[PDB]
There are 2 protein chains.
Amino acid sequence: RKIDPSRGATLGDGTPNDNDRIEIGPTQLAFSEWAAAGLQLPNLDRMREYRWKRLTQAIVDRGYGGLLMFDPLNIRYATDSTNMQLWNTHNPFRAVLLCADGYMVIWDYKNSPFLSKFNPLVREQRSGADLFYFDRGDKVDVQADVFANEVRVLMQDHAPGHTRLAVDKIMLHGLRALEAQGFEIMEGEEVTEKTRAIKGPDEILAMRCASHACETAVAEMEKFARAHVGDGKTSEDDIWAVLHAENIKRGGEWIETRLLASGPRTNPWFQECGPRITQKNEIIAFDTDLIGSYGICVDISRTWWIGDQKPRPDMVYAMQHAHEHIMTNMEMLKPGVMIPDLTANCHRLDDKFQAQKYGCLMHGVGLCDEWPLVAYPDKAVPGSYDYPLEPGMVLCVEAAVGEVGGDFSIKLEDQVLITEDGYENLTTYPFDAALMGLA
Amino acid sequence: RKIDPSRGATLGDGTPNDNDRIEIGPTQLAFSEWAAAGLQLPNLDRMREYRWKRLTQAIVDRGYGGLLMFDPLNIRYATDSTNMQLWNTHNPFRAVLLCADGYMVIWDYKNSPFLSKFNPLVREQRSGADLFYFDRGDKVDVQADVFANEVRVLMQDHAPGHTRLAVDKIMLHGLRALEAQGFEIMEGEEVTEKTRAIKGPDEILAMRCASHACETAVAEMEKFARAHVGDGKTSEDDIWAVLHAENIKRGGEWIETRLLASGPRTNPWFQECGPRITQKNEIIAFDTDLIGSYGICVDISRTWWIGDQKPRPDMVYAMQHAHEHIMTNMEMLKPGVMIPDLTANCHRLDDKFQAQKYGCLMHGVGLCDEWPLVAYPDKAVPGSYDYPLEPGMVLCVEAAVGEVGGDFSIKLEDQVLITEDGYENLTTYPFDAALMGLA
Ligand SMILES: [Fe+3]
Ligand SMILES: [Fe+3]
Ligand SMILES: [Fe+3]
Ligand SMILES: [Fe+3]
């Protein structure tokens, strides 16, 4: 019943070597590629304990009694348990309570309590935290009270004396029911974002794996693009579909955006991947925004030139400017640097690129986009992110370069770990040799 | 430059025949399959007007002054405009206000105001509704007040005298800011769910197309599964990956769950698609949970047998019982039937299948799963869905059939339109011959 005949009772990440197990994860395909690349696998048990310990400590540090989580990404961080993640993002059927003493309860889908049993840090599997109109119609309120009473009892038993309960996001019916139980509702995101910002050693290992899988998937997509672009039928969607499939084949989870565009659709940026028929001798730019293997986000961006002619000089300049932008800004990264100083000292894009520059020069990343957000000086708000970088943070470093009314933009982005004494760029994906002007 | 040379200034759905347009939509692949299949296309303009008029009226009928929407699915309904939908589901950066006079405003991503300009019913494009920690850190509160003030002014101008504002779901900072402006916050979902429950003519056309694209994609997946299952390497993820790609190739959007499982991983149901290596002489069951072409959800389930042997006796019976379940239940459907009567009179599953039956026998569907939810008698809550079916509603009819401790389950489901006279099963996907006891 082993899924890997070559191993003993456990896989390299410590999970059961059992083809019929409930728990999912990276595929044999992914494991083989990582092994061949000499990547160390994370130990999931140790990873889960690390996250749980850190999240409990965050609650304690703030003087709160507990943290209640409805965002599926927070639930994933706390428990490492998935359940229809994407459905969950807009249907709040699920909840995790983590109390100050570390006691953790999940309210799951009624039918699927077994989905988090692989994590013994989840002490109970309940149901009935689904407080929205589709699931309960005109009787949300009655169950909202049942749920809030359950939270009151758990908090009485596991955080006695505490009235402060942090909540990331909760339906209005839930909010009221909790407030009626005497809780003072605190900002859960301030707790979760700052906790998730520091990755432990296994999370970094998992991220190295996800990044490799993502670059492999992207490589397949580039092969497909260069082979098929300009054949009169291949569309943006056709190319992008390769990324989707190659991600899923490696045990990835979803893609957050539609950020792949061709030709004049790259400017302005943020136009979505669609039916456009791609053309020979045009730019194609994209952003992975990918929730990949082990549920880790890999958020990188590349711009390709595909054609029999040379890219225009203005395209080469833009690309080199973009590359310079991220390499300069990345070099600012080391422990102890204050976020607003990254803002104040960032590489200056030429005037003609300023109007359409990206919404940030950097941002955190983990299970998805995460705190912090490092804004350009003209958008930065004083007092918003007054904190220093620390080892174990991971920041994506961004560049969007294009002119107002122009017919192309460049998007580049690399994913960068903060180390004990500087940074390590985790992204190894090539830059288009033609656009870089290296021919 | 036309994307479809065989056409004039517009595509068959009235959108601009322009390869370089901002607006996305179904691909030429999709339009080709639909033309061959004989399908009439929706007129998107009329569809958008129908939804808007209907939602405005819902606000008027309730005596509210406005409806404020942060759920990307409600934003999609109101405006038909997408923007990083999946990111949006857990990052509330976006909002739409619809006022009692039909005046409609969107707060979009700062960088991407152009994304909804194709819908002139969207009267303004603003920014600054992003009230969450990642985007604003310790300065959410200040923007929350700027935003709440903007909402107040709009409501003063477009719904004077109204202090009732329906909101679907909003971060706590936003809620407090709106209440500080004098609004009584009403349940937005009660408005959106009931409005979306009745599809206009163009939405029905869109859904027929989406249903065809989805069934085509599922066909590719079945082809793959039957050719490759049991080759010692093909995993659940490999098979499922085909659905992802084939959906995207036709202008689809995402998949809400991971509900495809093989062999003993189908019981209990709700185990997620993963690395499991598939086998000959086994069941593969799945649920599309698919957000497809035109952004329309197609939610159907099929169970397959793949092997050289024949299905066990208990498997064939389970399948017949399941098919009988949905066909009996479907017969209940016609305008005027009260939801709680669907519950009361539903097909009775054998004692052995009761413990693990589905969470509902039916539910609505449109842009995703939608009101109503039709529970089985033992879970139905009095006074939750006291409403009659009406023409234009669409319900999926569900069957989950398996024994406690069993080694397989059957999952079947069809998507059914409610007509003036009765029902029309939109789903034409074959049922597995061998499981049905045929050949
Ligand atoms: Fe990104
Ligand atoms: Fe990014
Ligand atoms: Fe489904
Ligand atoms: Fe369903």
# chains A, B, ... in the order shown; residues from 1 in each chain; ligands from 1
>>> closest_atom_pairs(of="chain A", to="ligand 2", cutoff="7 Å", atoms="only C-alpha atoms and all ligand atoms", output="tab-separated table")
residue	atom	partner	partner_atom_place_in_ligand_line	distance
A:299	CA	ligand 2	1 (Fe)	5.5
A:300	CA	ligand 2	1 (Fe)	6.6
A:363	CA	ligand 2	1 (Fe)	6.5
A:396	CA	ligand 2	1 (Fe)	5.6
A:398	CA	ligand 2	1 (Fe)	6.2
A:413	CA	ligand 2	1 (Fe)	6.8
>>> write_last_selection(atoms="C-alpha atoms", output="JSON list (two decimals), in the first residue's frame")
[["chain", "number", "residue", "atom", "x", "y", "z"],
["A", 299, "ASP", "CA", 4.96, 34.84, -6.59],
["A", 300, "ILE", "CA", 7.37, 35.69, -9.39],
["A", 363, "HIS", "CA", 5.58, 42.62, -0.11],
["A", 396, "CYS", "CA", 8.87, 39.47, -3.22],
["A", 398, "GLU", "CA", 8.59, 43.97, -7.70],
["A", 413, "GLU", "CA", 9.65, 39.95, -9.65]]
>>> closest_atom_pairs(of="chain B", to="ligand 4", cutoff="9 Å", atoms="only C-alpha atoms and all ligand atoms", output="JSON lines")
{"residue": "B:287", "atom": "CA", "partner": "ligand 4", "partner_atom_place_in_ligand_line": "1 (Fe)", "distance": 7.6}
{"residue": "B:288", "atom": "CA", "partner": "ligand 4", "partner_atom_place_in_ligand_line": "1 (Fe)", "distance": 8.7}
{"residue": "B:289", "atom": "CA", "partner": "ligand 4", "partner_atom_place_in_ligand_line": "1 (Fe)", "distance": 7.1}
{"residue": "B:298", "atom": "CA", "partner": "ligand 4", "partner_atom_place_in_ligand_line": "1 (Fe)", "distance": 8.9}
{"residue": "B:299", "atom": "CA", "partner": "ligand 4", "partner_atom_place_in_ligand_line": "1 (Fe)", "distance": 5.4}
{"residue": "B:300", "atom": "CA", "partner": "ligand 4", "partner_atom_place_in_ligand_line": "1 (Fe)", "distance": 6.5}
{"residue": "B:301", "atom": "CA", "partner": "ligand 4", "partner_atom_place_in_ligand_line": "1 (Fe)", "distance": 7.7}
{"residue": "B:360", "atom": "CA", "partner": "ligand 4", "partner_atom_place_in_ligand_line": "1 (Fe)", "distance": 8.5}
{"residue": "B:361", "atom": "CA", "partner": "ligand 4", "partner_atom_place_in_ligand_line": "1 (Fe)", "distance": 8.7}
{"residue": "B:362", "atom": "CA", "partner": "ligand 4", "partner_atom_place_in_ligand_line": "1 (Fe)", "distance": 7.2}
{"residue": "B:363", "atom": "CA", "partner": "ligand 4", "partner_atom_place_in_ligand_line": "1 (Fe)", "distance": 6.6}
{"residue": "B:364", "atom": "CA", "partner": "ligand 4", "partner_atom_place_in_ligand_line": "1 (Fe)", "distance": 8.2}
{"residue": "B:365", "atom": "CA", "partner": "ligand 4", "partner_atom_place_in_ligand_line": "1 (Fe)", "distance": 8.0}
{"residue": "B:369", "atom": "CA", "partner": "ligand 4", "partner_atom_place_in_ligand_line": "1 (Fe)", "distance": 7.1}
{"residue": "B:395", "atom": "CA", "partner": "ligand 4", "partner_atom_place_in_ligand_line": "1 (Fe)", "distance": 8.5}
{"residue": "B:396", "atom": "CA", "partner": "ligand 4", "partner_atom_place_in_ligand_line": "1 (Fe)", "distance": 5.6}
{"residue": "B:397", "atom": "CA", "partner": "ligand 4", "partner_atom_place_in_ligand_line": "1 (Fe)", "distance": 7.0}
{"residue": "B:398", "atom": "CA", "partner": "ligand 4", "partner_atom_place_in_ligand_line": "1 (Fe)", "distance": 6.2}
{"residue": "B:413", "atom": "CA", "partner": "ligand 4", "partner_atom_place_in_ligand_line": "1 (Fe)", "distance": 6.8}
{"residue": "B:414", "atom": "CA", "partner": "ligand 4", "partner_atom_place_in_ligand_line": "1 (Fe)", "distance": 8.3}
{"residue": "B:415", "atom": "CA", "partner": "ligand 4", "partner_atom_place_in_ligand_line": "1 (Fe)", "distance": 8.3}
>>> write_last_selection(atoms="C-alpha atoms", output="PDB file, in the first residue's frame")
ATOM      1  CA  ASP B 287     -17.598  16.831  -8.562  1.00  0.00           C
ATOM      2  CA  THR B 288     -16.797  19.561 -11.079  1.00  0.00           C
ATOM      3  CA  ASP B 289     -17.507  22.509  -8.753  1.00  0.00           C
ATOM      4  CA  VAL B 298     -21.397  24.172 -13.547  1.00  0.00           C
ATOM      5  CA  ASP B 299     -21.768  21.864 -10.613  1.00  0.00           C
ATOM      6  CA  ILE B 300     -22.202  18.235 -11.671  1.00  0.00           C
ATOM      7  CA  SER B 301     -20.926  14.948 -10.301  1.00  0.00           C
ATOM      8  CA  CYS B 360     -28.406  18.476   0.913  1.00  0.00           C
ATOM      9  CA  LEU B 361     -30.497  16.865  -1.799  1.00  0.00           C
ATOM     10  CA  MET B 362     -30.518  20.113  -3.801  1.00  0.00           C
ATOM     11  CA  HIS B 363     -29.110  23.634  -3.792  1.00  0.00           C
ATOM     12  CA  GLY B 364     -29.178  26.629  -6.136  1.00  0.00           C
ATOM     13  CA  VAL B 365     -26.399  27.526  -8.549  1.00  0.00           C
ATOM     14  CA  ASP B 369     -23.299  27.578  -5.278  1.00  0.00           C
ATOM     15  CA  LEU B 395     -30.915  23.771  -8.803  1.00  0.00           C
ATOM     16  CA  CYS B 396     -28.375  20.991  -8.700  1.00  0.00           C
ATOM     17  CA  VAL B 397     -29.761  17.647  -7.597  1.00  0.00           C
ATOM     18  CA  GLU B 398     -27.382  15.626  -5.439  1.00  0.00           C
ATOM     19  CA  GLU B 413     -25.404  15.256  -9.616  1.00  0.00           C
ATOM     20  CA  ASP B 414     -27.223  17.128 -12.370  1.00  0.00           C
ATOM     21  CA  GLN B 415     -27.943  20.839 -12.900  1.00  0.00           C
TER      22      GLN B 415
END
>>> interface_residues(of="chain B", to="chain A", cutoff="7 Å", atoms="only C-alpha atoms", output="PyMOL selection string")
chain B and resi 3+19-20+22+24-28+71+84-87+89-90+111-112+133-139+169+171+189-190+237-238+241-242+244-245+248-249+251+256-258+264-265+270-271+274-277+370-373+383-385
>>> select_by_dssp(residues="segment 48-111 of chain B", states="alpha helix (DSSP H)", output="list in words")
residues 48, 49, 50, 51, 52, 53, 54, 55, 56, 57, 58, 59, 60, 61, 62, 72, 73, 74, 75, 76, 77, 78, 79, 85, 86, 87, 88, 89 and 90 of chain B
>>> write_last_selection(atoms="N, CA and C atoms", output="short mmCIF file (atom, residue, chain, number, x, y, z; two decimals), in the first residue's frame")
data_model
loop_
_atom_site.label_atom_id
_atom_site.label_comp_id
_atom_site.auth_asym_id
_atom_site.auth_seq_id
_atom_site.Cartn_x
_atom_site.Cartn_y
_atom_site.Cartn_z
N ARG B 48 -26.39 42.05 -18.37
CA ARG B 48 -25.88 42.93 -17.34
C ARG B 48 -26.97 43.90 -16.88
N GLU B 49 -27.80 44.32 -17.82
CA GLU B 49 -28.89 45.24 -17.51
C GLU B 49 -29.95 44.53 -16.67
N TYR B 50 -30.25 43.30 -17.04
CA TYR B 50 -31.21 42.49 -16.32
C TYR B 50 -30.82 42.32 -14.85
N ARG B 51 -29.57 41.93 -14.61
CA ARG B 51 -29.08 41.74 -13.25
C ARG B 51 -29.16 43.03 -12.43
N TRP B 52 -28.66 44.11 -13.01
CA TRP B 52 -28.63 45.39 -12.35
C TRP B 52 -30.05 45.85 -12.01
N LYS B 53 -30.96 45.79 -12.98
CA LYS B 53 -32.34 46.20 -12.73
C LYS B 53 -32.93 45.36 -11.60
N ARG B 54 -32.69 44.06 -11.67
CA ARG B 54 -33.23 43.14 -10.68
C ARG B 54 -32.68 43.38 -9.26
N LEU B 55 -31.39 43.67 -9.16
CA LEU B 55 -30.75 43.94 -7.88
C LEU B 55 -31.21 45.30 -7.33
N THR B 56 -31.31 46.30 -8.20
CA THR B 56 -31.80 47.61 -7.78
C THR B 56 -33.20 47.45 -7.18
N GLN B 57 -34.03 46.66 -7.85
CA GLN B 57 -35.43 46.47 -7.45
C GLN B 57 -35.51 45.80 -6.09
N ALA B 58 -34.60 44.85 -5.86
CA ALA B 58 -34.54 44.12 -4.59
C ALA B 58 -34.28 45.10 -3.44
N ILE B 59 -33.44 46.10 -3.71
CA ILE B 59 -33.12 47.12 -2.72
C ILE B 59 -34.37 47.97 -2.44
N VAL B 60 -35.01 48.42 -3.52
CA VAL B 60 -36.25 49.16 -3.42
C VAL B 60 -37.34 48.39 -2.66
N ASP B 61 -37.56 47.14 -3.04
CA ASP B 61 -38.58 46.30 -2.40
C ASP B 61 -38.40 46.19 -0.89
N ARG B 62 -37.16 46.29 -0.43
CA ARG B 62 -36.88 46.09 0.98
C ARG B 62 -36.92 47.40 1.73
N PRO B 72 -16.54 39.00 -4.04
CA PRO B 72 -16.27 39.05 -5.49
C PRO B 72 -17.38 38.41 -6.34
N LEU B 73 -18.10 37.45 -5.77
CA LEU B 73 -19.17 36.81 -6.52
C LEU B 73 -20.36 37.76 -6.65
N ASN B 74 -20.58 38.60 -5.64
CA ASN B 74 -21.67 39.57 -5.73
C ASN B 74 -21.25 40.73 -6.62
N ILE B 75 -19.97 41.08 -6.53
CA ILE B 75 -19.41 42.10 -7.41
C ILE B 75 -19.52 41.66 -8.87
N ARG B 76 -19.21 40.40 -9.14
CA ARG B 76 -19.41 39.82 -10.46
C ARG B 76 -20.87 39.94 -10.89
N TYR B 77 -21.79 39.58 -10.01
CA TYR B 77 -23.21 39.66 -10.37
C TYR B 77 -23.63 41.08 -10.75
N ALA B 78 -23.25 42.05 -9.92
CA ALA B 78 -23.70 43.43 -10.10
C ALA B 78 -23.12 44.09 -11.35
N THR B 79 -21.86 43.78 -11.66
CA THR B 79 -21.12 44.52 -12.67
C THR B 79 -20.60 43.64 -13.81
N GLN B 85 -10.20 37.57 -9.23
CA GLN B 85 -11.30 37.03 -8.42
C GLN B 85 -10.82 36.22 -7.22
N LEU B 86 -9.91 35.28 -7.44
CA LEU B 86 -9.52 34.40 -6.36
C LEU B 86 -8.76 35.14 -5.27
N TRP B 87 -7.91 36.09 -5.66
CA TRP B 87 -7.22 36.92 -4.68
C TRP B 87 -8.28 37.69 -3.90
N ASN B 88 -9.23 38.25 -4.64
CA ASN B 88 -10.30 39.06 -4.05
C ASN B 88 -11.09 38.29 -2.99
N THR B 89 -11.29 36.99 -3.18
CA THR B 89 -12.11 36.22 -2.25
C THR B 89 -11.59 36.27 -0.81
N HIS B 90 -10.28 36.39 -0.64
CA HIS B 90 -9.74 36.46 0.71
C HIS B 90 -8.95 37.75 0.98
#
>>> closest_residue(among="B:217, B:315, B:285, B:153", to="ligand 3", atoms="only C-alpha atoms and all ligand atoms")
B:285
>>> select_by_dssp(residues="segment 142-310 of chain A", states="strand (DSSP E)", output="list in words")
residues 164, 165, 166, 167, 184, 185, 186, 187, 254, 255, 260, 261, 262, 282, 283, 284, 285, 286, 287, 290, 291, 297, 298, 301, 302, 303, 304, 305 and 306 of chain A
>>> residues_around(residues="residue 412 of chain B", least_positions_apart="3", cutoff="8 Å", atoms="only C-alpha atoms", output="NGL selection string")
:B and (300-303 or 322-323 or 326 or 398-400)
>>> write_last_selection(atoms="N, CA and C atoms", output="compact mmCIF listing (two decimals), in the first residue's frame")
# COMPACT_ATOMS: atom_id res chain seq x y z
N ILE B 300 -21.70 19.57 -11.39
CA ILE B 300 -22.20 18.24 -11.67
C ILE B 300 -21.23 17.19 -11.14
N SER B 301 -21.75 16.01 -10.85
CA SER B 301 -20.93 14.95 -10.30
C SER B 301 -21.14 13.67 -11.09
N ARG B 302 -20.05 12.93 -11.33
CA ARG B 302 -20.14 11.62 -11.98
C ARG B 302 -19.23 10.64 -11.27
N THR B 303 -19.59 9.37 -11.36
CA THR B 303 -18.74 8.30 -10.84
C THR B 303 -18.40 7.34 -11.98
N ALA B 322 -28.38 5.65 -6.49
CA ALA B 322 -27.99 7.05 -6.57
C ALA B 322 -28.68 7.75 -7.73
N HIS B 323 -28.65 7.12 -8.89
CA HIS B 323 -29.29 7.66 -10.08
C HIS B 323 -30.80 7.77 -9.85
N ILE B 326 -31.63 10.94 -7.58
CA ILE B 326 -31.68 12.26 -8.20
C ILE B 326 -32.83 12.39 -9.20
N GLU B 398 -28.55 16.34 -5.96
CA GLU B 398 -27.38 15.63 -5.44
C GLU B 398 -27.66 14.20 -5.01
N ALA B 399 -26.68 13.33 -5.20
CA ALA B 399 -26.70 12.02 -4.56
C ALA B 399 -25.31 11.55 -4.14
N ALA B 400 -25.15 11.34 -2.84
CA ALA B 400 -23.98 10.67 -2.29
C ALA B 400 -24.43 9.37 -1.65
>>> residues_around(residues="residue 159 of chain A", least_positions_apart="2", cutoff="6 Å", atoms="only C-alpha atoms", output="ChimeraX atom specification")
/A:65,100,155-156,162
>>> write_last_selection(atoms="N, CA, C and O atoms", output="tab-separated table (two decimals), in the first residue's frame")
chain	number	residue	atom	x	y	z
A	65	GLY	N	-7.01	36.39	24.96
A	65	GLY	CA	-7.34	35.05	25.41
A	65	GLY	C	-7.36	34.04	24.28
A	65	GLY	O	-7.25	32.83	24.50
A	100	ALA	N	-5.18	30.90	24.37
A	100	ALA	CA	-3.88	31.31	24.90
A	100	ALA	C	-3.05	30.16	25.49
A	100	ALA	O	-1.82	30.26	25.55
A	155	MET	N	-13.32	29.30	25.86
A	155	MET	CA	-12.52	30.41	26.37
A	155	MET	C	-12.54	30.46	27.90
A	155	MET	O	-11.53	30.81	28.52
A	156	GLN	N	-13.68	30.12	28.51
A	156	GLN	CA	-13.76	30.02	29.98
A	156	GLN	C	-12.85	28.92	30.50
A	156	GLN	O	-12.20	29.08	31.53
A	162	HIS	N	-9.85	36.10	30.44
A	162	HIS	CA	-9.66	36.84	29.20
A	162	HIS	C	-10.99	37.20	28.54
A	162	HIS	O	-11.82	36.33	28.29
